[PDB]
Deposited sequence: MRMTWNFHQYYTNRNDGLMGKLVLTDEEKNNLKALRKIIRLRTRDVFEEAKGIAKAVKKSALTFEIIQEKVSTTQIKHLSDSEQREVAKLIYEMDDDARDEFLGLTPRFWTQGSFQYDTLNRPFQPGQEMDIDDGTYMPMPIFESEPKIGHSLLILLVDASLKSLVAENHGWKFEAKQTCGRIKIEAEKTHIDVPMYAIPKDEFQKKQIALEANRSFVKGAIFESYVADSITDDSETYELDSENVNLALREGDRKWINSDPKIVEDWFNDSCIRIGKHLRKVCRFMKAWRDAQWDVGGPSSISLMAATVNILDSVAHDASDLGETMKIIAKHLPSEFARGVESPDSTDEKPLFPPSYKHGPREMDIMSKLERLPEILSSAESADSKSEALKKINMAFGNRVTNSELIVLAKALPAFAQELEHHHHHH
């Protein structure tokens, strides 16, 4: 016997796509959460600019500034953090202060929510992730921006911490590249990386944008990611580079690319409760395979076998980042594998065996059980599986 799994993979009700794609409850929940973070962040910046405006108009003592700070949403930072914000506002000169009073944070989501590969989480501890970047248009800087790294990080933190203080079961986490709100009971977190971008170009592009529509991309090397730990405060990491690479890959390869990428992530979620290869390494390897190996989009069962066969080789050679400015590969080459990478290799080598043995199982029932060794017990309708012609 030979079974075909195309429907097992693609059926939008019962099949794997059916199990992975967010419910509307989940999708609207994520957008509502993002809206709440965006609102609070703009409010907090307005509150801080309010104080700075006061400083400009009349010379206010440091103590008066502290007092004013302690009355705003910034009160949700620790005591020493509040004093630091007051100190930073008190201490900036006319020029920096004028820049600050002209700053309004802007937002743009990146990651799987943006390019539509966000899967419903599988094991306990696994969470849906929305990556909403905050952008701070300021003058081009070589060393350090007019408005300080410290100040900007503190305000975004205050915004996030102020929301946690208003929501049972939310908690704040600081990561190296973002601030995070975790909502365990909803299996969700929102990440907020922060970027500096050129103010003049931002304005020019926004003016162009609004004039040319009725009812754009910045210079990549000036998109600066703020880093929270380490002595390097900023790194040139433009998230649009990955978004564009993936969207262009989808165009070039076809619409089955997003599906097979979801499947590989689902495989990952089933094989490890935490850990496994990154989502981006899986996408990059999969793109490389589909660009170079003949396949048929009308049988994702066959396509998934083709991918599984070639993944070990991709990862063994090291997976290069689509961002050539990246300082490391997305996955190291095999001569540099330690325990972590060896564990990944051994699971990848297992996958094509699982898919093969499912294909040659004795019944539809046994076929389902076998293939569910790769993706977990998510699909339950064995009648999705069809005897190959």
Inset, instruction - Compare what was deposited with what's modelled and send me the C-alpha-less stretches, numbered from 1. - result: 1-2, 218-237, 412-427
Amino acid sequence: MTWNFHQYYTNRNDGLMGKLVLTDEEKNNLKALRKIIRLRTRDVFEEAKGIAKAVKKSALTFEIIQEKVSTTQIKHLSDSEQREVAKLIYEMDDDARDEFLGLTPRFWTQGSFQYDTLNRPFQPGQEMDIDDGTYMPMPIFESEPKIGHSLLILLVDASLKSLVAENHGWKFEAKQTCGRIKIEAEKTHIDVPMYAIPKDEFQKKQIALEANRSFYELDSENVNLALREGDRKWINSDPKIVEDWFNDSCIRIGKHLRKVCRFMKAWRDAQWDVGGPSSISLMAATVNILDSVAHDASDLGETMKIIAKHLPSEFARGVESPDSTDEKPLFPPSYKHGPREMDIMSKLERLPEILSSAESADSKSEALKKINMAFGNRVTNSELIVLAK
From here on, numbers count along this sequence of modelled residues.
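We call the rigid core whatever largest set of C-alpha positions still superposes within 1.5 Å between the two forms.
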Legend entry - Rigid core superposition result in 6 other deposited structures of this protein, more deviant of 226-234, 156-164 by Cα: 226-234
Legend entry - Flanks modelled, residue 109 absent in at least a third of other entries: no
Inset, instruction - Check whether residue 141 goes without coordinates in at least a third of the other compared PDB entries of this protein that model residues on both sides of it. - result: yes
Inset, instruction - Read off the CA B-factors in the entry, average them over 254-262 and over 203-211, and name the higher stretch. - result: 203-211
Legend entry - Mean C-alpha B-factor comparison - 288-296 and 190-198, higher one: 288-296
Inset, instruction - Name the one of 35, 347, 53, 340 with the greatest CA B-factor according to the PDB entry. - result: 53
Inset, instruction - Name the residue from 272, 90, 107, 246 with the greatest C-alpha temperature factor listed in the entry. - result: 90
Inset, instruction - Place residue 78 in the lowest, middle or highest third of its chain's C-alpha B-factors, as listed in the PDB entry. - result: highest
Legend entry - Among modelled residues of the same chain, the CA temperature factor third for residue 280: lowest
Legend entry - Chain third (lowest, middle, highest) by recorded CA B-factor, residue given as residue 328: highest
Inset, instruction - Would you mind ranking residue 141 by its C-alpha B-factor against the rest of the chain and naming the third, lowest, middle or highest? - result: highest
Inset, instruction - Comparing against every modelled residue in the chain, figure out the third that the C-alpha B-factor of residue 167 lands in (lowest, middle or highest). - result: lowest
